[PDB]
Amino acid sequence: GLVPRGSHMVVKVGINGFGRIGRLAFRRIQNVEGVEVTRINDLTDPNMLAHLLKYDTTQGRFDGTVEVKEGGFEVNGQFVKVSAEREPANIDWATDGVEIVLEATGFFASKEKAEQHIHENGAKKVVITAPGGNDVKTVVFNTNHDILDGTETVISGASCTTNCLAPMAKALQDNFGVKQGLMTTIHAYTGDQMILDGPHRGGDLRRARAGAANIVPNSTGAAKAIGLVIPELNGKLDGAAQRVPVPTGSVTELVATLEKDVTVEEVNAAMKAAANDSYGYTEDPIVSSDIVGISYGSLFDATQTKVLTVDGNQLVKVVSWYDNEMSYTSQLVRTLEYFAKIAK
C-alpha cells in the first residue's frame, strides 16, 4: 500500500541547523538520487557555512567544489540558499520547494516545537535528528522503519547511542530473550560541552567542564527510551555515559541478564547472523579512530564479548562501536530517503 516514489522523483529537503549532523547529512545526500537540499537555515552568513562544509576536522575535506555566492553557496555548480532565521515559524521553506525539513539545531526536538516548521509557505514534514519525545514515532533504520506509513508530520531519527544500541539489543531479544540490562556508552565529547570550564547554559555541572581534558559522566535516555524502538524491551534497560577526549567516535557496552543460557560463541554468532547495512560485525581488535566515518549505525565487536557464569547465573556483556557523527548520519539519511519515498 505504500506506493513509494522512484529515486528519479526528486524530493527537495531543507536543513535547519547546519552543524555536525546537518553538514554530514548534506554530504551523504550528495550520493542519494531522489533527495536534494535546496535550503539551509542557521544563524550565520553563507561564507561561514561554506567554509565549514569544505573543511572538516574529523570527517575530512569535502568531496567536491564549494563556492560562496550572494545569499548562499554553490556545491558542484548547484546553488543552495542560506538564511539566518532564528524562529522556525518565520522560515519560508516552500519558496525553495522544500517538503521535508531535517531539524538539526538541537533546540526544536519535540512535536510542538518541530511543528513550527509546518505552516503556510513552510514545510510539510519534519525529521528531528534527535530523540523527539514519547509521542513522536522514533525510527532506527533496519530495526523498525516499517512503523512508518508516510502520513506522519513529525518523526524522530533517535539518538546516536539508540542507533548503536537498538540492533544489538534486538539481536539479544530475538535469540535469547532479555530480562534486564544496564548500558554504559564511552562517548566522544560533543558540542553541548564547554571547551574549558565555564557556566553551562543548560545547568549541567559536568558538561560545564573542559570536554577535551576530562572523563565526564553524563546522562542519556537511550536505554530508558528503548521501548519506542523495540516495544518488547520497554522499561527493561537503563544507562549512562562517560564522555572522553576524542572529537568523534564512541562505543556502547550493555551488561544484561538473558532468559536463555549462552556461550560467548553463540552470542557472537547471533550478532553475525543479524548483520546488514546498519548493523556491522567485526572480530578485528580495532580502536575508536578505526570507526570514524563508517556507514554502519552500529558495529558489533566480537573481541569484547563476555559471558560470566557463577552458580548457574549468567551476566552477558555485548559491545558495539559507532561514530556518533557519521554512523548516526548514515542512519538518519537512510530514514529520510525512505520517508521521502513513501511521504503522503
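A residue's number is simply how far along the shown sequence it sits, counting from 1.
- The deposited model assigns a higher average Cα B-factor to 110-118 than to the other stretch when 190-198 and 110-118 are compared.
- Here 231-239 and 207-215 are compared by their mean Cα B-factor, and 231-239 comes out higher.
- When the C-alpha B-factors of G77, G157, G249, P167 are read from the PDB record, the largest value belongs to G77.
- Across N313, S289, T305, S295, the greatest Cα temperature factor reported in the deposited entry is at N313.
- Annotation for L148: C-alpha temperature factor in the highest third relative to the rest of the modelled chain, per the entry.
- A275: CA B factor lies in the middle third for its chain, per the PDB record.
- Residue-level temperature factors show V267 in the middle third of its chain, judged at the C-alpha atom.
- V244: CA B factor lies in the lowest third for its chain, per the PDB record.
- Remark: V37 belongs to the middle third of its chain, ranked by C-alpha B-factor as recorded.
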